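Sequential numbering of the sequence shown, starting at 7, is according to the deposited numbering.
The C-beta atom is built at its ideal place from N, Cα and C for all residues, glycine as well.
Here's the structure, in structure tokens; my notes come after.
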Amino acid sequence: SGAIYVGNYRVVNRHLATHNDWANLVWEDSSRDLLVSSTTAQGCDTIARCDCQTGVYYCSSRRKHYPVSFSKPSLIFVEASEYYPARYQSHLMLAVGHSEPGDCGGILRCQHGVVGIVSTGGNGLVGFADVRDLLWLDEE
Ligand SMILES: NC(=O)[C@H]1CCCN(C(=O)Cc2ccccc2CS(N)(=O)=O)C1
Ligand SMILES: [Zn+2]
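This is the structure in structure tokens:
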């Protein structure tokens, strides 16, 4: 579990969104596993605006923050699960690391801020849904 809180926005994994989120929907993309909903109180997270490929992510299944190297956002085939059939997920970045289903929502950060959130796992890899291209998160 986990979310990013930037301004009046709440960014979560789409497969984990709640009732409150869909009723107050700003934007969602099934192919990216992302959903953004509006909030009453202001958030304090800063979104990174960079091309960093090294950062640190939180892994709830180990209670540890791990430093990682990660690939650039791309279209990656993701196996069928209880949330989606087998499909290509866009804007996904992979790293070598530990990730179990309950790890989705863990933040990946670099020196410039939040890069993304855990979205995929298994086979000794962890995938992060990139948020650095969503420039509108910084305004309105
Ligand atoms: N973004 C997605 O499509 C993810 C949605 C949640 C499920 N996805 C994962 O990668 C989670 C995962 C982590 C470790 C091993 C195995 C899995 C797949 S599952 N079916 O067992 O949950 C895929
Ligand atoms: Zn950066």
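Residue i beta carbon near ligand 1 (any heavy atom closer than 7 Å)
i, result
"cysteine 50", "no"
"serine 36", "no"
"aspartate 136", "no"
"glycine 127", "yes"
Same chain, Cβ closer than 6 Å to residue i, neighbours up to 5 away in sequence not counted
i, result
"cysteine 56", "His118"
"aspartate 51", "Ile10, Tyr11, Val12 and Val120"
"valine 84", "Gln95 and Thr126"
"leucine 140", "none"
"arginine 16", "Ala9, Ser43 and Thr45"
Same chain, Cβ closer than 7 Å to residue i, neighbours up to 5 away in sequence not counted
i, result
"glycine 130", "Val102"
"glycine 111", "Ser7, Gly8, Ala9, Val18, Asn19, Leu22, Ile123 and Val124"
Residue(s) in a DSSP beta bridge with residue i
i, result
"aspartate 136", "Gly122"
"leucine 31", "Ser43"
"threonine 60", "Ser75"
"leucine 114", "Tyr63 and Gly122"
"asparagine 19", "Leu40"
### Task
Output the residue ranges of the alpha helix (DSSP H) runs that lie fully inside the region 72-98 and measure 4 residues or longer, sorted by chain position.
none
### Message
Residues around ligand 2, please: the ones whose beta-carbon is closer than 5 Å to some heavy atom of it, in chain order.
### Response
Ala54, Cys56, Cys58, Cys116 and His118
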